[PDB]
Every structure is written in C-alpha cells, then in structure tokens.
C-alpha cells in the first residue's frame, strides 16, 4: 500500500514495458518473493517467483508485444488496474488479446497479487 496513486501508474506502466521487451527476470523482480498470479482470472493461482518466472518465460520467450490501451486507474490503497493489448503469433497465426490486469502492491512497492481478466471473447485474429 506504500505506493502512492502516481507510483502505481508508473509501476504498472513499467510492467507493460517489461512484458513488451520480454525482460523476464526484470518482470519477476517486480513481484513480491511470494506473490500470486491468477491468469486468466478463474484459473488456479501461481505462487512464488520461481513459478511466476516459469509462467512468464513459457509465455514470452519466442514474438510477443504489448502496450497500454488506456491510462492506469489507481486507488489510494496501493491497488491498480490497467487496460492493454497483447499481440502474439499463434503457431503462425497472428493474434491479439485485450486484457485488464488488477494489481495490488505491497509496502515495498512490489506486486503482491495480479489478476488478469480475459477469455477467448477477447481474442482476435
């Protein structure tokens, strides 16, 4: 909760930068050591930087680009939400996915929890 609303926007916007360039290790470092990731929201949670790193590597190493599609909405309790689009190549087929992540940051300015909202109704070829 330590991050102010402006710090949240900055942090979350940097995250999207990292996913865009694919700096997996830099992304894992933004998360708390024991953070949880629910992506897509509804699935079972992923816990810990090791698992998170595996998750991101499995999804980024290949091909994948991402960018904010609107400003970052931030609350005053270290929480935030942002809209963005991901463009990837699915086994030859060019694809895009519109997503919204809700993140809760801890007192050290690290991501404690992340939830990504999307399903195939958000996929587009």
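Positions refer to the first chain, counted from 1.
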When you step from residue 45 to residue 46 in this entry, do you jump over none, 1 to 3, 4 to 9, or 10 or more residues of the deposited sequence that have no coordinates? none
When mean C-alpha B-factors in the record are compared for 77-85 and 90-98, the larger belongs to 90-98
Which wins on mean Cα temperature factor, 25-33 or 52-60? 52-60
Going by what the PDB entry lists, where does residue 108 fall on CA B-factor within its chain: lowest, middle or highest third? highest
Lowest, middle or highest third - CA B-factor, residue 119: lowest
